[PDB]
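Just the one chain here, the form deposited in one PDB entry, laid out as C-alpha cells.
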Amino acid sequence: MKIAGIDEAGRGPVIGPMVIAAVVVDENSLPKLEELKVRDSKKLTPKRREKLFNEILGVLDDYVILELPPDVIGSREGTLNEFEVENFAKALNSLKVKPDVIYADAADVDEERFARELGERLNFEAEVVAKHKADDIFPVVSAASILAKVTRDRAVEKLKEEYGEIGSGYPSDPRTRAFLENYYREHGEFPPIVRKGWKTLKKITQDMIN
C-alpha cells in the first residue's frame, strides 16, 4: 500500500513563499526512511539538511513540491485555511503515484474538519490522517517537512542577496519590520516579497512616514 505525508513551510512569516511538500513512499520503503533519522533533522545544519533532502528523494516513490509566492498568497479570493486545503490537495492530485493513506499536518486545530475538507478535494480515492502540529510523530510527514523547509530556505537565502537583512521574516520580528519600514520609505511602496494582506503591513505605514 502507498503512504503519503504532507507538510508545509512558511505559513507564519510575512515575507517569502509558502512551500507545500507531498511525498509518497512505499509500505516496504518506510524502513529506509526512519533509518534516515528524518525526525531528528531539526538539529542538522542547513547544509546537512540539504544532504538529507537529496537522500529523502532517493527513497521516495514519488513527490511534489509546490511553491507559493507572496503575490499568490496575498491575493487569495477567500480565507487562509481554505488556501492551504486547496493547495494541499492540488499537490496530492499532482502526485504521479497515488497513495492510499495520507498523513497530513493539520494547518490548524480540529484535524478532523481538515481531513474532511481535503478529502472531498481529492480527485482520487484515499484515506487521510490529519494531526495538528504533527511534531515528528509521523515519519512520512517529517520527510515532507524537510523538502518543504529546504525549498523555503533556498527561496529566502536568495531574498537576502537581493534585499539584504530582511530579518526572520516574521511580523513580530522588529528587524523585518525595520527593513520593510525603511524600504517603504525610499520607495513609497513595499517590496514584491511581502504578502500584502497581513495586518502587520498596516502599522508599518503609520509608525514611520506618519
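Definition used throughout: the rigid core is the maximal C-alpha set that superposes within 1.5 Å between two forms. Sequential numbering from 1, following the sequence displayed.
For the pair 64-72 and 27-35, the mean Cα B-factor is higher in 27-35. For the pair 175-183 and 148-156, the mean B factor over Cα atoms is greater in 175-183.
Within the listed group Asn123, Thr79, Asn87, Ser94, the record reports its top CA B-factor for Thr79. Across the residues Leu201, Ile15, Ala22, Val19, the deposited record lists the maximum Cα B factor for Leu201.
When the modelled residues of the chain are ordered by their C-alpha B factor, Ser41 lands in the highest third.
Per the PDB record, residue ranking by Cα B-factor puts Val101 in the lowest third of the chain. Compared with the other modelled residues of the chain, the Cα B-factor recorded for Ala130 ranks in the lowest third. The PDB entry assigns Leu118 a C-alpha temperature factor belonging to the middle third of its chain's modelled residues.
Ranked by C-alpha B-factor against the other modelled residues of its chain, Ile137 falls in the middle third.
What comes next is about the form deposited in another entry, which is not displayed.
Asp173 is the only residue from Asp62, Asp173, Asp153, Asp26 whose Cα shifts by 2 Å or more between the shown form and the other one, the rigid core being superposed.
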